[PDB]
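Every read-out reported here was derived from the displayed coordinates using simple, explicitly stated rules and does not represent laboratory data.
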Amino acid sequence: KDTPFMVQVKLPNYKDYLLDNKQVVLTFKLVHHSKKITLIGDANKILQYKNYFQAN
Amino acid sequence: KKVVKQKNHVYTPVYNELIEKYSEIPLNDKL
């Protein structure tokens with residue numbers, strides 16, 4: 001939470017599951033320990049990803 | 001009796017390290 005990073009994670013477009021149990025802990029460690037994240041993509045997709053991260 | 005090697009007594013955050021470094025192989029002995 002003090003070590004600085006600006007790491008970039010891609011997010012593909014599966015059916016209704018929206019992440020991977022292959023890649024879930026690695027992409028949640030960054031959102032838990034980060035301070036400012038940004039989202040580039042489709043409108044409702046980045047909306048539901050903000051909702052999913054803030055709600056999870 | 002056998003002990004259970006009790007305490008090192010100093011604490012820290014764990015920090016399984018995030019930022020990765022390239023790990024060159026240091027098997028450069030004499031040649």
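If you consider only alpha-carbon coordinates, what radius of gyration and Dmax does the stretch A:3-56 have, in Å?
Looking at the stretch A:3-56, its Cα Rg and Dmax stand at 11.2, 35 Å.
Relative to the longest principal Cα axis of chain A, at what angle does helix A:43-55 sit, 0 to 90 degrees, rounded to 10?
So the inclination is approximately 50 degrees.
Given the pairs A:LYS10/A:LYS35; A:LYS10/A:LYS45; A:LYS1/B:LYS5, which are separated by over 22 angstrom at their Cα positions?
A:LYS1/B:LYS5
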